[PDB]
Amino acid sequence: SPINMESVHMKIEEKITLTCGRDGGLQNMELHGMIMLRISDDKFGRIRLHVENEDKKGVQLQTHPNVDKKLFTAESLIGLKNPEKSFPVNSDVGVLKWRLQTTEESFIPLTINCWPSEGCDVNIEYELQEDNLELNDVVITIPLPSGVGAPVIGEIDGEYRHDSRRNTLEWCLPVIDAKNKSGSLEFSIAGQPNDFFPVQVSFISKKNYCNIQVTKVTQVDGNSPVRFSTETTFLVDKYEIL
């Protein structure tokens, strides 16, 4: 609802697409993000957004075609090419976008290490690499052989859900913080190593993967600070271990 938003409001959304070999190698990682700006009062039509960038991943940034590229490059401010022009009112504008594509394992936010071993014992663990992130509702979905009953769960951090129809074991949580970077799950079921792949990972973070934030908004005329709100989300398109 507009009542929950300041008259200057930004939605900052990122999506990750990631494929990993079970060996731990990164086959492909793609990150896409954008800042969507929404103004509900022409009083704030002629503003500049102050963008704080603490990212060292080599993310590629692209400004909206109406946005002053040199201003952003030199001053990390988002403003229109024509300062006298107003941003649209009650209409979303993608003022900034970014992209990262890479095969450097160092950039994996959350590594997954699944080791089946033969009466199969499966041991799987995660480790949070980016201490910046706080991951909620993490579900690690593990496929299972069919026709051989339920898996028998041993030591586990967090909880699970076994689905007989889908032949899956969903491994849920614990909250994954920089204070609690790692956890593991062990279970057994009659099968072969390949039965347990591809492993799927799902989560939703309220902190962006890219260390990019809007910290201030000012009037073009007179540079006065302006109230603003933000909604930040980091979502998974694909996160699979092959």
# chains A, B, ... in the order shown; residues from 1 in each chain; ligands from 1

call {"tool": "residues_around", "arguments": {"residues": "residue 212 (chain A)", "least_positions_apart": "4", "cutoff": "12 Å", "atoms": "only C-alpha atoms", "output": "PyMOL selection string"}}
result
chain A and resi 12-14+33-35+50-57+59-61+76+96-98+132+207-208+232

call {"tool": "atom_distance", "arguments": {"atom1": "CA of residue 90 (chain A)", "atom2": "CA of residue 77 (chain A)"}}
result
21.6 Å

call {"tool": "residues_around", "arguments": {"residues": "residue 112 (chain A)", "least_positions_apart": "5", "cutoff": "7 Å", "atoms": "only C-alpha atoms", "output": "PyMOL selection string"}}
result
chain A and resi 125-127

call {"tool": "write_last_selection", "arguments": {"atoms": "N, CA and C atoms", "output": "JSON list (two decimals), in the first residue's frame"}}
result
[["chain", "number", "residue", "atom", "x", "y", "z"],
["A", 125, "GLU", "N", 26.52, -31.04, 3.33],
["A", 125, "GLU", "CA", 26.73, -29.89, 4.18],
["A", 125, "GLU", "C", 26.68, -28.62, 3.34],
["A", 126, "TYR", "N", 26.40, -27.51, 4.00],
["A", 126, "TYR", "CA", 26.49, -26.21, 3.36],
["A", 126, "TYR", "C", 27.51, -25.37, 4.08],
["A", 127, "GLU", "N", 27.97, -24.30, 3.43],
["A", 127, "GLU", "CA", 28.81, -23.30, 4.07],
["A", 127, "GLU", "C", 28.55, -21.94, 3.44]]

call {"tool": "closest_residue", "arguments": {"among": "A:237, A:195, A:130, A:92", "to": "residue 11 (chain A)", "atoms": "only C-alpha atoms"}}
result
A:92

call {"tool": "closest_residue", "arguments": {"among": "A:136, A:103, A:184, A:202", "to": "residue 115 (chain A)", "atoms": "only C-alpha atoms"}}
result
A:184

call {"tool": "closest_residue", "arguments": {"among": "A:68, A:163, A:157, A:137", "to": "residue 185 (chain A)", "atoms": "only C-alpha atoms"}}
result
A:157

call {"tool": "select_by_dssp", "arguments": {"residues": "region 52-156 of chain A", "states": "strand (DSSP E or B)", "output": "PyMOL selection string"}}
result
chain A and resi 52-53+60-63+67+77-78+80+93-102+110-117+120-128+135-143+152-156

call {"tool": "closest_residue", "arguments": {"among": "A:109, A:183, A:191, A:88", "to": "residue 18 (chain A)", "atoms": "only C-alpha atoms"}}
result
A:109

call {"tool": "select_by_dssp", "arguments": {"residues": "region 98-232 of chain A", "states": "helix (DSSP H, G or I)", "output": "list in words"}}
result
residues 105, 106, 107, 193, 194, 195 and 196 of chain A

call {"tool": "residues_around", "arguments": {"residues": "residue 82 (chain A)", "least_positions_apart": "4", "cutoff": "9 Å", "atoms": "only C-alpha atoms", "output": "number ranges by chain"}}
result
A: 66-68, 86

call {"tool": "atom_distance", "arguments": {"atom1": "CA of residue 81 (chain A)", "atom2": "CA of residue 65 (chain A)"}}
result
8.7 Å

call {"tool": "atom_distance", "arguments": {"atom1": "CA of residue 122 (chain A)", "atom2": "CA of residue 167 (chain A)"}}
result
15.1 Å

call {"tool": "residues_around", "arguments": {"residues": "region 25-28 of chain A", "least_positions_apart": "6", "cutoff": "8 Å", "atoms": "only C-alpha atoms", "output": "PyMOL selection string"}}
result
chain A and resi 17-19+101-105+108

call {"tool": "residues_around", "arguments": {"residues": "residue 135 (chain A)", "least_positions_apart": "2", "cutoff": "9 Å", "atoms": "only C-alpha atoms", "output": "NGL selection string"}}
result
:A and (133 or 137-138 or 173 or 175-177 or 203-207)

call {"tool": "closest_residue", "arguments": {"among": "A:222, A:83, A:174, A:45", "to": "residue 128 (chain A)", "atoms": "only C-alpha atoms"}}
result
A:174

call {"tool": "closest_residue", "arguments": {"among": "A:223, A:40, A:188, A:211", "to": "residue 116 (chain A)", "atoms": "only C-alpha atoms"}}
result
A:188

call {"tool": "residues_around", "arguments": {"residues": "residue 200 (chain A)", "least_positions_apart": "4", "cutoff": "10 Å", "atoms": "only C-alpha atoms", "output": "list in words"}}
result
residues 19, 112, 139, 140, 141, 142, 143, 170, 238, 239, 240, 241 and 242 of chain A
